[PDB]
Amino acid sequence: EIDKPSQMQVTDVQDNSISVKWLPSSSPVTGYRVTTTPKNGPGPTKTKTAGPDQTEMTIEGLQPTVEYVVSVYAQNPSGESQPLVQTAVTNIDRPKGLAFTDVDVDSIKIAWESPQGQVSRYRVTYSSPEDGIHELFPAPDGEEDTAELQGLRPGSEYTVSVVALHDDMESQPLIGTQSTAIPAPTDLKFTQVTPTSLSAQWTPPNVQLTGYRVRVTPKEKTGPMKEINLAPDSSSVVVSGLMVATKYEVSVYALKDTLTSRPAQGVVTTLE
């Protein structure tokens, strides 16, 4: 007989390694042989050897969400003791590669890479300073790479976190930030036109903007074009110095820092 190691403790778990510690045996030993095997039939077995005074061991190179059984053996040149057994399940690995597609004024479609570990459901949460925290339902199952966030507030920097769930465990979140689109100004109405000037007004969008960009360009004819930069609180414009009897196109762009809304467009002809 060789007195077995006693009271095995698991000090750390993660998606590819298990850390265990044990109490030294009573018999004088040359070392300890630790082994890791999946609790089911198949799989790969990892075997490491600890020193005679080593009571801890980390086993790397494992697979995520696998029920491993760790056996410790007290060793001599003559033989081996009986194994102290202790089971442990590896954690689920982190999803990576968050992609943002079809970013609209109201919707953001996200895509990611499925982790190698078997995932039951996902938990997609998204948030922004303007509309708080939301959790998506129904939670995407493990056999899905896509997710569509709907009903978002325009002109908002949204943060999206995706975490994989398997039974009791949670992965590390994969986080990615993405801003929604700014809607175009509405109800572009021309108020007064002259042979050399026009006046237009609009209903401003429901976003805190940094300014506007209005560009006036002739249609069906070649000539000068004008572009004015306006304050964010503006809702109308007067463009002067235009040509006589001239079909002009007026585009109103809403600007919030680095993002540009679609143009609120309208066509009008100057006076003959």
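Numbers follow the displayed sequence, beginning with 1.
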property: Which of 221-229 and 36-44 has higher mean CA B factor, as the PDB entry lists it; result: 36-44
property: Per the entry, higher mean C-alpha B factor between 140-148 and 192-200; result: 140-148
property: Residue, from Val238, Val29, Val214, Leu242, that the PDB entry assigns the highest Cα B-factor; result: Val29
property: Third of chain Cα B-factors occupied by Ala164; result: lowest
property: Third assignment of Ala184 from its chain's C-alpha B-factors; result: lowest
property: Third assignment of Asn76 from its chain's C-alpha B-factors; result: highest
property: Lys96 by Cα B-factor - lowest, middle or highest third of the modelled chain; result: middle
property: B-factor third for the C-alpha atom of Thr125 within its chain; result: lowest
